[PDB]
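Structure below is input02.cif: mmCIF, C-alpha atoms; chains and numbers go by the auth columns.
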```cif
data_my_file
loop_
_atom_site.group_PDB
_atom_site.id
_atom_site.type_symbol
_atom_site.label_atom_id
_atom_site.label_comp_id
_atom_site.label_asym_id
_atom_site.label_seq_id
_atom_site.Cartn_x
_atom_site.Cartn_y
_atom_site.Cartn_z
_atom_site.B_iso_or_equiv
_atom_site.auth_seq_id
_atom_site.auth_asym_id
ATOM 1 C CA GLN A 1 -48.662 61.791 -47.323 0.00 304 A
ATOM 2 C CA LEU A 2 -48.600 61.745 -51.136 0.00 305 A
ATOM 3 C CA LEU A 3 -51.609 64.092 -51.312 0.00 306 A
ATOM 4 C CA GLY A 4 -50.222 67.324 -49.909 0.00 307 A
ATOM 5 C CA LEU A 5 -47.025 66.477 -51.773 0.00 308 A
ATOM 6 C CA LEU A 6 -48.839 66.306 -55.113 0.00 309 A
ATOM 7 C CA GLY A 7 -50.687 69.561 -54.566 0.00 310 A
ATOM 8 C CA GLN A 8 -47.586 71.355 -53.336 0.00 311 A
ATOM 9 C CA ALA A 9 -45.404 70.138 -56.211 0.00 312 A
ATOM 10 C CA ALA A 10 -48.080 71.103 -58.749 0.00 313 A
ATOM 11 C CA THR A 11 -48.217 74.635 -57.325 0.00 314 A
ATOM 12 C CA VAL A 12 -44.424 74.965 -57.382 0.00 315 A
ATOM 13 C CA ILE A 13 -44.089 73.587 -60.913 0.00 316 A
ATOM 14 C CA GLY A 14 -46.813 76.023 -61.957 0.00 317 A
ATOM 15 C CA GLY A 15 -44.510 78.823 -60.852 0.00 318 A
ATOM 16 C CA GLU A 16 -42.200 77.723 -63.694 0.00 319 A
ATOM 17 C CA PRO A 17 -44.267 78.370 -66.842 0.00 320 A
ATOM 18 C CA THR A 18 -41.493 77.129 -69.137 0.00 321 A
ATOM 19 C CA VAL A 19 -41.519 73.672 -67.513 0.00 322 A
ATOM 20 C CA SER A 20 -43.765 71.037 -69.074 0.00 323 A
ATOM 21 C CA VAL A 21 -44.783 67.794 -67.369 0.00 324 A
ATOM 22 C CA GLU A 22 -44.892 65.094 -70.033 0.00 325 A
ATOM 23 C CA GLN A 23 -45.622 62.202 -67.665 0.00 326 A
ATOM 24 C CA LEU A 24 -46.075 61.666 -63.944 0.00 327 A
ATOM 25 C CA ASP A 25 -46.630 58.592 -61.823 0.00 328 A
ATOM 26 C CA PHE A 26 -46.683 57.386 -58.230 0.00 329 A
ATOM 27 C CA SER A 27 -47.200 54.009 -56.600 0.00 330 A
ATOM 28 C CA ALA A 28 -47.570 53.299 -52.902 0.00 331 A
ATOM 29 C CA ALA A 29 -45.236 50.355 -53.491 0.00 332 A
ATOM 30 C CA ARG A 30 -42.435 52.542 -54.848 0.00 333 A
ATOM 31 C CA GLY A 31 -43.098 55.328 -52.348 0.00 334 A
ATOM 32 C CA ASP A 32 -42.400 58.506 -54.322 0.00 335 A
ATOM 33 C CA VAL A 33 -43.624 60.601 -57.250 0.00 336 A
ATOM 34 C CA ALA A 34 -41.743 60.492 -60.562 0.00 337 A
ATOM 35 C CA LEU A 35 -42.134 63.226 -63.193 0.00 338 A
ATOM 36 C CA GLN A 36 -40.793 63.427 -66.742 0.00 339 A
ATOM 37 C CA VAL A 37 -40.296 67.135 -67.409 0.00 340 A
ATOM 38 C CA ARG A 38 -38.983 69.337 -70.194 0.00 341 A
ATOM 39 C CA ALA A 39 -37.566 72.844 -69.899 0.00 342 A
ATOM 40 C CA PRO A 40 -35.705 75.281 -72.163 0.00 343 A
ATOM 41 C CA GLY A 41 -32.420 74.681 -70.328 0.00 344 A
ATOM 42 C CA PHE A 42 -30.667 73.081 -67.390 0.00 345 A
ATOM 43 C CA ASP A 43 -30.714 76.285 -65.331 0.00 346 A
ATOM 44 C CA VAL A 44 -34.519 76.065 -65.275 0.00 347 A
ATOM 45 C CA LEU A 45 -34.484 72.454 -64.069 0.00 348 A
ATOM 46 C CA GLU A 46 -32.047 73.415 -61.298 0.00 349 A
ATOM 47 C CA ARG A 47 -34.192 76.383 -60.284 0.00 350 A
ATOM 48 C CA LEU A 48 -37.289 74.174 -60.211 0.00 351 A
ATOM 49 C CA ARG A 49 -35.486 71.620 -58.050 0.00 352 A
ATOM 50 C CA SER A 50 -34.428 74.500 -55.800 0.00 353 A
ATOM 51 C CA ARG A 51 -38.013 75.774 -55.520 0.00 354 A
ATOM 52 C CA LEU A 52 -39.434 72.327 -54.768 0.00 355 A
ATOM 53 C CA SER A 53 -36.786 71.772 -52.099 0.00 356 A
ATOM 54 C CA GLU A 54 -37.312 75.263 -50.660 0.00 357 A
ATOM 55 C CA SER A 55 -41.023 74.475 -50.305 0.00 358 A
ATOM 56 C CA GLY A 56 -40.013 71.592 -48.037 0.00 359 A
ATOM 57 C CA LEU A 57 -40.202 68.678 -50.489 0.00 360 A
ATOM 58 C CA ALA A 58 -37.583 65.969 -50.815 0.00 361 A
ATOM 59 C CA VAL A 59 -36.591 66.155 -54.476 0.00 362 A
ATOM 60 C CA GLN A 60 -34.074 64.425 -56.731 0.00 363 A
ATOM 61 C CA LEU A 61 -33.284 65.714 -60.215 0.00 364 A
ATOM 62 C CA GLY A 62 -32.258 63.012 -62.654 0.00 365 A
ATOM 63 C CA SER A 63 -29.728 63.356 -65.422 0.00 366 A
ATOM 64 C CA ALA A 64 -30.725 65.887 -68.072 0.00 367 A
ATOM 65 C CA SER A 65 -29.958 66.037 -71.781 0.00 368 A
ATOM 66 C CA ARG A 66 -30.800 68.489 -74.544 0.00 369 A
ATOM 67 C CA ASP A 67 -32.635 67.658 -77.752 0.00 370 A
ATOM 68 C CA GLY A 68 -33.296 70.665 -79.942 0.00 371 A
ATOM 69 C CA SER A 69 -34.994 73.523 -78.127 0.00 372 A
ATOM 70 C CA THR A 70 -35.472 71.753 -74.775 0.00 373 A
ATOM 71 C CA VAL A 71 -33.796 69.689 -72.078 0.00 374 A
ATOM 72 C CA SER A 72 -35.550 66.764 -70.412 0.00 375 A
ATOM 73 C CA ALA A 73 -35.092 65.049 -67.081 0.00 376 A
ATOM 74 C CA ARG A 74 -36.863 62.833 -64.578 0.00 377 A
ATOM 75 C CA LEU A 75 -37.789 64.408 -61.236 0.00 378 A
ATOM 76 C CA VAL A 76 -38.443 62.277 -58.154 0.00 379 A
ATOM 77 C CA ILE A 77 -40.351 63.908 -55.285 0.00 380 A
ATOM 78 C CA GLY A 78 -40.341 61.977 -52.014 0.00 381 A
ATOM 79 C CA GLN B 1 -53.462 73.408 -67.906 0.00 304 B
ATOM 80 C CA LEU B 2 -53.663 70.454 -65.528 0.00 305 B
ATOM 81 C CA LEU B 3 -51.203 71.265 -62.738 0.00 306 B
ATOM 82 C CA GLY B 4 -54.193 72.848 -61.026 0.00 307 B
ATOM 83 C CA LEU B 5 -56.230 69.806 -62.048 0.00 308 B
ATOM 84 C CA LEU B 6 -53.903 67.514 -60.102 0.00 309 B
ATOM 85 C CA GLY B 7 -53.541 70.064 -57.320 0.00 310 B
ATOM 86 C CA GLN B 8 -57.298 70.495 -57.033 0.00 311 B
ATOM 87 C CA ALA B 9 -57.916 66.735 -57.101 0.00 312 B
ATOM 88 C CA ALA B 10 -55.333 66.208 -54.352 0.00 313 B
ATOM 89 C CA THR B 11 -57.185 68.722 -52.171 0.00 314 B
ATOM 90 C CA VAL B 12 -60.595 67.143 -52.787 0.00 315 B
ATOM 91 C CA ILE B 13 -59.272 63.613 -52.269 0.00 316 B
ATOM 92 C CA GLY B 14 -57.586 64.868 -49.103 0.00 317 B
ATOM 93 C CA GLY B 15 -61.033 65.744 -47.771 0.00 318 B
ATOM 94 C CA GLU B 16 -61.868 62.016 -47.881 0.00 319 B
ATOM 95 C CA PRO B 17 -59.371 60.609 -45.348 0.00 320 B
ATOM 96 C CA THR B 18 -60.517 56.987 -45.715 0.00 321 B
ATOM 97 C CA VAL B 19 -59.579 56.987 -49.427 0.00 322 B
ATOM 98 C CA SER B 20 -56.103 55.739 -50.305 0.00 323 B
ATOM 99 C CA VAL B 21 -54.368 56.404 -53.625 0.00 324 B
ATOM 100 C CA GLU B 22 -52.468 53.230 -54.490 0.00 325 B
ATOM 101 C CA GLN B 23 -51.330 54.409 -57.919 0.00 326 B
ATOM 102 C CA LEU B 24 -51.643 57.533 -60.042 0.00 327 B
ATOM 103 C CA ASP B 25 -50.429 58.169 -63.564 0.00 328 B
ATOM 104 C CA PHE B 26 -50.668 61.021 -66.014 0.00 329 B
ATOM 105 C CA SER B 27 -49.565 61.157 -69.632 0.00 330 B
ATOM 106 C CA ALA B 28 -49.831 64.112 -72.005 0.00 331 B
ATOM 107 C CA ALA B 29 -50.451 61.658 -74.842 0.00 332 B
ATOM 108 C CA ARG B 30 -53.457 60.252 -72.980 0.00 333 B
ATOM 109 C CA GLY B 31 -54.661 63.668 -71.810 0.00 334 B
ATOM 110 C CA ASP B 32 -56.121 62.813 -68.396 0.00 335 B
ATOM 111 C CA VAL B 33 -55.172 61.639 -64.904 0.00 336 B
ATOM 112 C CA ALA B 34 -55.869 58.047 -63.818 0.00 337 B
ATOM 113 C CA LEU B 35 -56.028 57.027 -60.152 0.00 338 B
ATOM 114 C CA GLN B 36 -56.244 53.606 -58.512 0.00 339 B
ATOM 115 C CA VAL B 37 -58.051 54.199 -55.214 0.00 340 B
ATOM 116 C CA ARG B 38 -59.301 52.136 -52.304 0.00 341 B
ATOM 117 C CA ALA B 39 -61.957 53.065 -49.757 0.00 342 B
ATOM 118 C CA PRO B 40 -63.927 51.271 -47.032 0.00 343 B
ATOM 119 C CA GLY B 41 -67.034 51.124 -49.221 0.00 344 B
ATOM 120 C CA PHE B 42 -68.719 52.152 -52.434 0.00 345 B
ATOM 121 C CA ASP B 43 -70.492 55.105 -50.786 0.00 346 B
ATOM 122 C CA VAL B 44 -67.091 56.683 -50.126 0.00 347 B
ATOM 123 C CA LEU B 45 -66.055 56.307 -53.772 0.00 348 B
ATOM 124 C CA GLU B 46 -69.364 57.800 -54.928 0.00 349 B
ATOM 125 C CA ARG B 47 -69.036 60.690 -52.487 0.00 350 B
ATOM 126 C CA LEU B 48 -65.485 61.337 -53.689 0.00 351 B
ATOM 127 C CA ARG B 49 -66.644 61.311 -57.318 0.00 352 B
ATOM 128 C CA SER B 50 -69.414 63.761 -56.420 0.00 353 B
ATOM 129 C CA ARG B 51 -66.961 66.043 -54.602 0.00 354 B
ATOM 130 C CA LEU B 52 -64.500 66.046 -57.513 0.00 355 B
ATOM 131 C CA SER B 53 -67.302 66.882 -59.942 0.00 356 B
ATOM 132 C CA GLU B 54 -68.699 69.536 -57.582 0.00 357 B
ATOM 133 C CA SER B 55 -65.265 71.164 -57.508 0.00 358 B
ATOM 134 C CA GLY B 56 -65.429 71.581 -61.293 0.00 359 B
ATOM 135 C CA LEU B 57 -63.364 68.562 -62.368 0.00 360 B
ATOM 136 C CA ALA B 58 -64.371 66.153 -65.091 0.00 361 B
ATOM 137 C CA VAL B 59 -64.394 62.772 -63.386 0.00 362 B
ATOM 138 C CA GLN B 60 -65.252 59.193 -64.282 0.00 363 B
ATOM 139 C CA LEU B 61 -65.417 56.450 -61.657 0.00 364 B
ATOM 140 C CA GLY B 62 -64.625 53.004 -62.993 0.00 365 B
ATOM 141 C CA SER B 63 -66.222 49.790 -61.856 0.00 366 B
ATOM 142 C CA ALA B 64 -65.584 49.015 -58.194 0.00 367 B
ATOM 143 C CA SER B 65 -65.245 45.705 -56.366 0.00 368 B
ATOM 144 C CA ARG B 66 -64.756 44.657 -52.750 0.00 369 B
ATOM 145 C CA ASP B 67 -61.871 42.546 -51.452 0.00 370 B
ATOM 146 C CA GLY B 68 -61.791 42.125 -47.690 0.00 371 B
ATOM 147 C CA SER B 69 -62.148 45.404 -45.819 0.00 372 B
ATOM 148 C CA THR B 70 -61.892 47.738 -48.844 0.00 373 B
ATOM 149 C CA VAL B 71 -63.317 48.390 -52.292 0.00 374 B
ATOM 150 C CA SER B 72 -61.129 49.467 -55.209 0.00 375 B
ATOM 151 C CA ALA B 73 -61.757 51.363 -58.426 0.00 376 B
ATOM 152 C CA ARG B 74 -60.065 53.467 -61.086 0.00 377 B
ATOM 153 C CA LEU B 75 -60.722 57.219 -61.197 0.00 378 B
ATOM 154 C CA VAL B 76 -60.117 59.231 -64.376 0.00 379 B
ATOM 155 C CA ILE B 77 -59.874 63.015 -63.937 0.00 380 B
ATOM 156 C CA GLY B 78 -59.634 65.499 -66.803 0.00 381 B
#
```

As structure tokens, please, write out the structure in this file.
Amino acid sequence: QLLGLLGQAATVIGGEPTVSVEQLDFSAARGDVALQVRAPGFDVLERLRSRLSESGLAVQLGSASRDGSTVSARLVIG
Amino acid sequence: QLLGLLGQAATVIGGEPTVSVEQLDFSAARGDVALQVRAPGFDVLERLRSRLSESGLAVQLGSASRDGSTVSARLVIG
């Protein structure tokens, strides 16, 4: 079902213009979608996780850290 | 400017239910989306390429080979 999931996540992440997707990958073997994202701050990552989850997606937000103007984290979408 | 790219590709690929996405990776450094797909036959991969291109996506279909019941190839979008 990692086809509606992709499209839905992409639409939700597009509703957060300050979020950038640096890398993204899925494998059938692993079973989920992993995204490396950057955002101006942690509140934006939390909101994005909230929006993905609200849309019905299983989402995990990895540990975030700040470097300069942005924070970065790994998102896992079921 | 590729969240819609991925979202659009997911919709087009979803219109080909016999195609399976085994792996998918994107990288901003690379600048495109690579997909490892399988399908029952080459005609399905060619139809999928045609549909992605028809939808307005830049698409390249790598060399395909058969193993057992399926063929496999690499798709590059963007």

Chain and number of each residue from the PyMOL selection byres ((chain A) within 8 of (chain B)), as a PyMOL selection string: chain A and resi 306-307+309-311+313-314+316-317+324-332

What would the file look like if the residues just selected were written as a compact mmCIF listing (two decimals), keeping the file's coordinate frame with C-alpha atoms?
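Written output follows (part_25.txt):
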```
# COMPACT_ATOMS: atom_id res chain seq x y z
CA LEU A 306 -51.61 64.09 -51.31
CA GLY A 307 -50.22 67.32 -49.91
CA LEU A 309 -48.84 66.31 -55.11
CA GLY A 310 -50.69 69.56 -54.57
CA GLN A 311 -47.59 71.36 -53.34
CA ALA A 313 -48.08 71.10 -58.75
CA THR A 314 -48.22 74.64 -57.32
CA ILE A 316 -44.09 73.59 -60.91
CA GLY A 317 -46.81 76.02 -61.96
CA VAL A 324 -44.78 67.79 -67.37
CA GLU A 325 -44.89 65.09 -70.03
CA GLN A 326 -45.62 62.20 -67.67
CA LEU A 327 -46.08 61.67 -63.94
CA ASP A 328 -46.63 58.59 -61.82
CA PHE A 329 -46.68 57.39 -58.23
CA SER A 330 -47.20 54.01 -56.60
CA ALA A 331 -47.57 53.30 -52.90
CA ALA A 332 -45.24 50.36 -53.49
```

Distance of CA of residue 368 in chain A from CA of residue 351 in chain A, expressed in Å to one decimal place: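 Separation of CA of residue 351 in chain A and CA of residue 368 in chain A: 15.9 Å.
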
Result of fitting chain B on chain A (Cα atoms paired in order), as an mmCIF file with C-alpha atoms, keeping the file's coordinate frame:
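Once written, superposed-v2.cif looks like this:
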```
data_model
loop_
_atom_site.group_PDB
_atom_site.id
_atom_site.type_symbol
_atom_site.label_atom_id
_atom_site.label_comp_id
_atom_site.auth_asym_id
_atom_site.auth_seq_id
_atom_site.Cartn_x
_atom_site.Cartn_y
_atom_site.Cartn_z
ATOM 1 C CA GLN B 304 -49.547 61.641 -46.573
ATOM 2 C CA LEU B 305 -48.648 62.630 -50.127
ATOM 3 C CA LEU B 306 -51.810 64.210 -51.541
ATOM 4 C CA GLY B 307 -50.345 67.465 -50.263
ATOM 5 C CA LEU B 308 -46.993 66.368 -51.680
ATOM 6 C CA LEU B 309 -48.464 66.175 -55.181
ATOM 7 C CA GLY B 310 -50.581 69.262 -54.579
ATOM 8 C CA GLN B 311 -47.598 71.237 -53.321
ATOM 9 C CA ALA B 312 -45.387 70.075 -56.199
ATOM 10 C CA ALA B 313 -48.054 71.083 -58.724
ATOM 11 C CA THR B 314 -48.097 74.588 -57.235
ATOM 12 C CA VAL B 315 -44.306 74.936 -57.272
ATOM 13 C CA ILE B 316 -44.015 73.529 -60.795
ATOM 14 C CA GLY B 317 -46.796 75.908 -61.816
ATOM 15 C CA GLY B 318 -44.532 78.783 -60.802
ATOM 16 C CA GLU B 319 -42.137 77.689 -63.572
ATOM 17 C CA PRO B 320 -44.289 78.234 -66.687
ATOM 18 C CA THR B 321 -41.610 77.096 -69.156
ATOM 19 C CA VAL B 322 -41.515 73.615 -67.564
ATOM 20 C CA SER B 323 -43.751 70.970 -69.119
ATOM 21 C CA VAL B 324 -44.733 67.722 -67.399
ATOM 22 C CA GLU B 325 -44.761 65.051 -70.101
ATOM 23 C CA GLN B 326 -45.428 62.150 -67.739
ATOM 24 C CA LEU B 327 -46.021 61.650 -64.029
ATOM 25 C CA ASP B 328 -46.491 58.442 -62.088
ATOM 26 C CA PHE B 329 -46.948 57.541 -58.458
ATOM 27 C CA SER B 330 -47.078 54.119 -56.848
ATOM 28 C CA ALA B 331 -47.576 53.330 -53.165
ATOM 29 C CA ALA B 332 -45.265 50.341 -53.588
ATOM 30 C CA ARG B 333 -42.502 52.643 -54.833
ATOM 31 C CA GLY B 334 -43.257 55.362 -52.279
ATOM 32 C CA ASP B 335 -42.451 58.505 -54.278
ATOM 33 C CA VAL B 336 -43.603 60.583 -57.249
ATOM 34 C CA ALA B 337 -41.679 60.475 -60.544
ATOM 35 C CA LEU B 338 -41.984 63.219 -63.167
ATOM 36 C CA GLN B 339 -40.686 63.431 -66.732
ATOM 37 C CA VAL B 340 -40.192 67.149 -67.388
ATOM 38 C CA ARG B 341 -38.911 69.345 -70.185
ATOM 39 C CA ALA B 342 -37.649 72.917 -69.954
ATOM 40 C CA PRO B 343 -35.820 75.360 -72.237
ATOM 41 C CA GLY B 344 -32.539 74.793 -70.398
ATOM 42 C CA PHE B 345 -30.755 73.203 -67.481
ATOM 43 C CA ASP B 346 -30.930 76.391 -65.387
ATOM 44 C CA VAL B 347 -34.725 76.083 -65.370
ATOM 45 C CA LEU B 348 -34.564 72.479 -64.147
ATOM 46 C CA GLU B 349 -32.085 73.451 -61.422
ATOM 47 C CA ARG B 350 -34.240 76.392 -60.362
ATOM 48 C CA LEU B 351 -37.299 74.135 -60.221
ATOM 49 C CA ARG B 352 -35.402 71.595 -58.107
ATOM 50 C CA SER B 353 -34.312 74.396 -55.773
ATOM 51 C CA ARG B 354 -37.881 75.705 -55.493
ATOM 52 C CA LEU B 355 -39.298 72.251 -54.723
ATOM 53 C CA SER B 356 -36.656 71.713 -52.044
ATOM 54 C CA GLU B 357 -37.197 75.226 -50.655
ATOM 55 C CA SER B 358 -40.899 74.435 -50.314
ATOM 56 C CA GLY B 359 -40.019 71.508 -48.036
ATOM 57 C CA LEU B 360 -40.206 68.650 -50.552
ATOM 58 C CA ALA B 361 -37.609 65.935 -50.888
ATOM 59 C CA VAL B 362 -36.511 66.134 -54.507
ATOM 60 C CA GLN B 363 -33.971 64.451 -56.756
ATOM 61 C CA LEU B 364 -33.256 65.707 -60.271
ATOM 62 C CA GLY B 365 -32.092 63.011 -62.652
ATOM 63 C CA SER B 366 -29.571 63.461 -65.411
ATOM 64 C CA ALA B 367 -30.672 65.957 -68.053
ATOM 65 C CA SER B 368 -29.948 66.132 -71.775
ATOM 66 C CA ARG B 369 -30.788 68.553 -74.577
ATOM 67 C CA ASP B 370 -32.663 67.652 -77.761
ATOM 68 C CA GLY B 371 -33.463 70.594 -80.007
ATOM 69 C CA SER B 372 -35.060 73.490 -78.151
ATOM 70 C CA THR B 373 -35.574 71.714 -74.798
ATOM 71 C CA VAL B 374 -33.792 69.684 -72.144
ATOM 72 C CA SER B 375 -35.445 66.729 -70.414
ATOM 73 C CA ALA B 376 -34.957 65.007 -67.078
ATOM 74 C CA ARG B 377 -36.699 62.848 -64.495
ATOM 75 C CA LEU B 378 -37.762 64.394 -61.179
ATOM 76 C CA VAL B 379 -38.398 62.227 -58.110
ATOM 77 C CA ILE B 380 -40.387 63.864 -55.292
ATOM 78 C CA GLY B 381 -40.993 62.282 -51.891
#
```

Output check: residues returned by the PyMOL selection byres ((chain A and resi 369) around 12), as a PyMOL selection string: chain A and resi 340-345+348+366-368+370-376

Output of the PyMOL selection byres ((chain A and resi 378) around 6), listed as a list in words: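 Selection result, ordered by chain and number: residues 337, 338, 363, 364, 365, 377 and 379 of chain A.
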
Å distance separating CA of residue 354 in chain A from CA of residue 334 in chain A, one decimal place: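 Spanning CA of residue 354 in chain A to CA of residue 334 in chain A is a straight-line distance of 21.3 Å.
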
Box for range 343-362 of chain A - axis-aligned, 3 Å on each of the six sides, all listed atoms - centre and size in Å to one decimal, as lines of an AutoDock Vina configuration file.
```
center_x = -35.8
center_y = 71.2
center_z = -60.1
size_x = 16.4
size_y = 16.4
size_z = 30.1
```

Distance in Å - CA of residue 322 in chain A versus CA of residue 352 in chain A: 11.4 Å
